[PDB]
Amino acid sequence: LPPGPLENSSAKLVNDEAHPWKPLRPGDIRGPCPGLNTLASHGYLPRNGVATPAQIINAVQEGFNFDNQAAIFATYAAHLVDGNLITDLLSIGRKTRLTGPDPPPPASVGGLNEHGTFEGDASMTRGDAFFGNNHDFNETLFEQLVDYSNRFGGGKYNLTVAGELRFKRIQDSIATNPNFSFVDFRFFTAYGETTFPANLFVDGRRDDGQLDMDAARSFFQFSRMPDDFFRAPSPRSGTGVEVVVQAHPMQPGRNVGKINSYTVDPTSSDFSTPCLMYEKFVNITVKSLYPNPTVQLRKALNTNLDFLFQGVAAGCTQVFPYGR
């Protein structure tokens, strides 16, 4: 079962004796998420970067005070499209035999590195998949984050910086990635993610939304908590996302095989239709990976889809692609 919320959600030291940072060993997997990467590199998750959904939910709550609903939604969304539903294992990065025997095509079980399932374009510190690497820390992109922090955040990363950088990244992908896609699930996650450094990488004794660049580099590049890092003082995920959207409101769309051809997609969900984002994720994205599953897969899909629905913001109706 998905873990419940923390019994005690106070700020506390999370870079502690039981959770030291260690460098990668051969075979250890890190991916496009600096949060999960850091949890793995401090042993909140298995240090090889392969974990169960329950391990992931417990780690994001314990290590960073990610809220339960967001933890559940993200984890089961990722697991459904990138994880092995039979073995209950998900790679936080590149596809690995460690997640076990694969299901039939067209399912990929590609880990979080898979492009276009969860991971997508206009990431802050990772390049678009089209440019060759959607997962490793990129120094040039991080230096741009520092520059935007200097220009809009007084040297710190905050929601104002997020609003400007989010837009810059979109516009750079429009200008250079002929395959740029910015619809549906990615349209939502691209905004929320930009709040996470301000909400979750800021020491919880401050919780002031102003992330310094030394801490930012430590998390984004080295998957390492600052010495003496306290987690956030209460559960939170994407609060302040409205600031980021309001800075430069966008419509969902994509380039259409050429640069500078961004074309709005009226079939995509947007922030006015959050339930549509959920329904399309299940009916189209998940169903297309598993169009006619065999018995054990069908049962695992339905279980994980029920868990996903627990993380859906209130008011949406559950959909059942494989029946009830």
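The first residue of the sequence shown is number 1, and the count goes up from there.
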Quick check on the record: does 169 to 177 or 104 to 112 carry the larger mean Cα temperature factor? 104 to 112
Comparing 28 to 36 with 294 to 302, which has the greater mean CA B-factor as deposited? 294 to 302
Going by the CA temperature factor in the PDB record, which third of the chain does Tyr44 belong to: lowest, middle or highest? middle
C-alpha B factor of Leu276, ranked within the chain: lowest, middle or highest third? highest
How does the C-alpha B factor of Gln55 compare with the rest of the chain: lowest, middle or highest third? middle
Lowest, middle or highest third: where is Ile86 by C-alpha B factor in its chain? highest
Select lowest, middle or highest to describe the third in which the CA B-factor of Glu193 falls within its chain in this entry. lowest
